[PDB]
Amino acid sequence: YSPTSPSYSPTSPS
Amino acid sequence: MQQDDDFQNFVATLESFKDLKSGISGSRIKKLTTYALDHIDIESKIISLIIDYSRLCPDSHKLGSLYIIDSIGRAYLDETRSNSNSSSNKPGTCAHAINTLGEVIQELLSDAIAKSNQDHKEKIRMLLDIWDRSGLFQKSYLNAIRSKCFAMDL
(Lines give C-alpha, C1' and ligand atoms only; values in the text may rest on other atoms or scores of the structure.)
Protein backbone atom coordinates (compact mmCIF):
# COMPACT_ATOMS: atom_id res chain seq x y z
CA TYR A 1 0.00 0.00 0.00
CA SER A 2 0.93 3.71 -0.20
CA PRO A 3 0.09 7.07 1.49
CA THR A 4 -2.75 7.43 -1.07
CA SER A 5 -5.91 5.40 -1.77
CA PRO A 6 -6.24 4.85 -4.66
CA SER A 7 -2.93 6.18 -6.01
CA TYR A 8 -3.15 9.48 -7.93
CA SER A 9 -0.75 11.85 -9.70
CA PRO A 10 -0.77 15.01 -11.88
CA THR A 11 -0.18 12.60 -14.79
CA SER A 12 -3.94 12.09 -15.32
CA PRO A 13 -7.05 13.66 -13.67
CA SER A 14 -9.03 10.47 -14.44
CA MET B 1 -28.44 7.91 -7.75
CA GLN B 2 -30.70 9.51 -5.12
CA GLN B 3 -31.30 12.97 -3.60
CA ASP B 4 -28.57 12.01 -1.09
CA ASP B 5 -25.96 12.15 -3.89
CA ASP B 6 -26.36 15.90 -4.58
CA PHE B 7 -23.63 18.53 -3.91
CA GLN B 8 -23.56 16.79 -0.51
CA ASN B 9 -21.00 14.32 -1.92
CA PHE B 10 -18.62 17.12 -2.96
CA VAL B 11 -18.96 19.09 0.28
CA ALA B 12 -18.95 16.05 2.59
CA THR B 13 -15.87 14.67 0.79
CA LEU B 14 -13.96 17.96 1.05
CA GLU B 15 -15.03 18.14 4.72
CA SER B 16 -13.76 14.61 5.36
CA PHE B 17 -10.56 15.75 3.63
CA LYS B 18 -10.25 18.64 6.13
CA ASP B 19 -11.13 16.29 9.02
CA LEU B 20 -7.96 14.23 8.36
CA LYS B 21 -4.19 14.86 8.41
CA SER B 22 -1.44 13.53 6.10
CA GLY B 23 -2.03 11.46 2.95
CA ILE B 24 -3.60 12.85 -0.25
CA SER B 25 -5.79 9.81 -1.01
CA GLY B 26 -7.10 9.80 -4.59
CA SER B 27 -10.55 8.52 -3.51
CA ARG B 28 -11.58 11.89 -2.08
CA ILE B 29 -10.19 13.57 -5.20
CA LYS B 30 -12.27 11.08 -7.22
CA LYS B 31 -15.48 12.08 -5.37
CA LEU B 32 -14.76 15.80 -5.82
CA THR B 33 -13.87 15.46 -9.53
CA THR B 34 -16.78 13.03 -10.00
CA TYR B 35 -19.48 15.43 -8.79
CA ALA B 36 -17.86 18.33 -10.66
CA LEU B 37 -17.47 16.47 -13.98
CA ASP B 38 -20.83 14.65 -13.57
CA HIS B 39 -22.78 17.49 -15.25
CA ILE B 40 -20.87 20.82 -15.07
CA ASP B 41 -23.70 23.11 -13.91
CA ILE B 42 -21.70 24.78 -11.10
CA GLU B 43 -18.42 26.70 -11.54
CA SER B 44 -17.79 29.64 -9.15
CA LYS B 45 -19.35 27.64 -6.28
CA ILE B 46 -17.09 24.59 -6.74
CA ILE B 47 -14.08 26.85 -7.35
CA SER B 48 -14.74 29.24 -4.46
CA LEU B 49 -15.16 26.16 -2.25
CA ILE B 50 -11.84 24.47 -3.16
CA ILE B 51 -9.84 27.72 -3.14
CA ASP B 52 -11.25 28.73 0.24
CA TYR B 53 -10.83 25.12 1.38
CA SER B 54 -7.09 25.65 0.86
CA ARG B 55 -7.35 29.14 2.41
CA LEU B 56 -8.87 28.06 5.75
CA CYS B 57 -6.88 24.83 6.18
CA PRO B 58 -3.34 23.76 7.30
CA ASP B 59 -0.34 22.76 5.15
CA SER B 60 -1.56 19.23 4.36
CA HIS B 61 -4.61 20.86 2.82
CA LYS B 62 -2.56 23.37 0.80
CA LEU B 63 -0.96 20.36 -0.88
CA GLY B 64 -4.27 18.46 -0.89
CA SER B 65 -6.07 21.40 -2.48
CA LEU B 66 -3.34 21.69 -5.14
CA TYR B 67 -4.06 18.03 -6.04
CA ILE B 68 -7.84 18.68 -6.05
CA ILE B 69 -7.44 21.87 -8.14
CA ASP B 70 -5.08 19.82 -10.33
CA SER B 71 -7.59 17.06 -11.06
CA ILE B 72 -10.68 19.26 -11.52
CA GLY B 73 -8.57 21.88 -13.35
CA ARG B 74 -6.98 19.47 -15.86
CA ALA B 75 -10.30 17.68 -16.37
CA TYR B 76 -12.10 21.02 -16.90
CA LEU B 77 -9.33 22.24 -19.22
CA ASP B 78 -9.53 19.15 -21.44
CA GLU B 79 -13.33 19.13 -21.41
CA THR B 80 -13.62 22.80 -22.44
CA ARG B 81 -10.71 22.41 -24.92
CA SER B 82 -12.85 19.69 -26.54
CA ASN B 83 -15.61 22.34 -26.84
CA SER B 84 -15.78 25.56 -28.91
CA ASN B 85 -17.51 28.96 -28.85
CA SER B 86 -19.13 27.99 -32.18
CA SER B 87 -20.97 25.12 -30.43
CA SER B 88 -21.75 26.73 -27.04
CA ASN B 89 -23.64 29.73 -25.61
CA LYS B 90 -23.87 31.74 -22.34
CA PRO B 91 -20.36 32.18 -20.84
CA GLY B 92 -19.61 30.63 -17.43
CA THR B 93 -19.12 27.01 -16.32
CA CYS B 94 -15.74 25.19 -16.17
CA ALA B 95 -14.20 27.78 -18.54
CA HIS B 96 -14.92 30.49 -15.95
CA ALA B 97 -13.91 28.06 -13.18
CA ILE B 98 -10.40 27.95 -14.65
CA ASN B 99 -10.55 31.71 -15.22
CA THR B 100 -11.39 32.16 -11.51
CA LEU B 101 -8.62 29.84 -10.27
CA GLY B 102 -6.41 31.99 -12.54
CA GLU B 103 -6.69 34.85 -10.01
CA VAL B 104 -5.65 32.76 -6.97
CA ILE B 105 -3.27 30.13 -8.41
CA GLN B 106 -0.46 32.63 -7.74
CA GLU B 107 -0.97 32.71 -3.96
CA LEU B 108 -2.03 29.04 -3.81
CA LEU B 109 1.28 27.89 -5.34
CA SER B 110 3.57 30.46 -3.74
CA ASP B 111 2.14 29.75 -0.25
CA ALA B 112 1.92 25.96 -0.82
CA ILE B 113 5.65 25.99 -1.64
CA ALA B 114 6.64 28.45 1.11
CA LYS B 115 4.66 26.38 3.65
CA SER B 116 6.32 23.17 2.39
CA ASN B 117 9.45 21.28 3.41
CA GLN B 118 11.96 19.81 0.90
CA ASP B 119 9.61 16.86 0.25
CA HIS B 120 6.33 18.76 -0.28
CA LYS B 121 8.25 21.42 -2.25
CA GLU B 122 9.63 18.78 -4.56
CA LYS B 123 6.14 17.31 -5.00
CA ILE B 124 4.84 20.76 -6.06
CA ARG B 125 7.85 21.05 -8.40
CA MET B 126 6.91 17.65 -9.87
CA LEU B 127 3.26 18.73 -10.26
CA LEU B 128 4.25 21.78 -12.32
CA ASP B 129 6.92 19.70 -14.11
CA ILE B 130 4.18 17.29 -15.26
CA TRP B 131 2.02 20.27 -16.30
CA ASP B 132 4.93 21.48 -18.47
CA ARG B 133 5.71 17.92 -19.66
CA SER B 134 2.09 17.33 -20.74
CA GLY B 135 2.33 20.31 -23.13
CA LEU B 136 -1.20 21.22 -21.96
CA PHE B 137 0.23 24.45 -20.49
CA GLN B 138 2.48 27.25 -21.82
CA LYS B 139 4.87 29.98 -20.61
CA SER B 140 3.65 33.24 -19.01
CA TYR B 141 0.73 31.24 -17.52
CA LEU B 142 2.61 29.44 -14.71
CA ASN B 143 4.57 32.34 -13.11
CA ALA B 144 2.17 31.79 -10.13
CA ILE B 145 5.12 30.64 -8.00
CA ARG B 146 6.04 34.38 -7.97
CA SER B 147 8.87 33.40 -10.33
CA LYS B 148 11.15 30.34 -10.14
CA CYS B 149 12.64 31.01 -6.66
CA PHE B 150 10.09 28.94 -4.65
CA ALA B 151 10.54 25.32 -5.82
CA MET B 152 12.30 26.01 -9.13
CA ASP B 153 15.55 27.65 -7.90
CA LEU B 154 16.40 24.60 -5.74
# chains A, B, ... in the order shown; residues from 1 in each chain; ligands from 1
call {"tool": "interface_residues", "arguments": {"of": "chain A", "to": "chain B", "cutoff": "6 Å", "atoms": "only C-alpha atoms", "output": "PyMOL selection string"}}
result
chain A and resi 3-8+10+13
call {"tool": "atom_distance", "arguments": {"atom1": "atom CA of residue 103 of chain B", "atom2": "atom CA of residue 141 of chain B"}}
result
11.2 Å
call {"tool": "closest_residue", "arguments": {"among": "B:56, B:46, B:97, B:40", "to": "residue 18 of chain B", "atoms": "only C-alpha atoms"}}
result
B:56
call {"tool": "atom_distance", "arguments": {"atom1": "atom CA of residue 32 of chain B", "atom2": "atom CA of residue 14 of chain A"}}
result
11.6 Å
call {"tool": "closest_residue", "arguments": {"among": "B:135, B:36, B:6, B:61", "to": "residue 20 of chain B", "atoms": "only C-alpha atoms"}}
result
B:61
call {"tool": "residues_around", "arguments": {"residues": "residue 115 of chain B", "least_positions_apart": "5", "cutoff": "9 Å", "atoms": "only C-alpha atoms", "output": "NGL selection string"}}
result
:B and (59 or 62 or 110 or 120-121)
call {"tool": "atom_distance", "arguments": {"atom1": "atom CA of residue 104 of chain B", "atom2": "atom CA of residue 149 of chain B"}}
result
18.4 Å
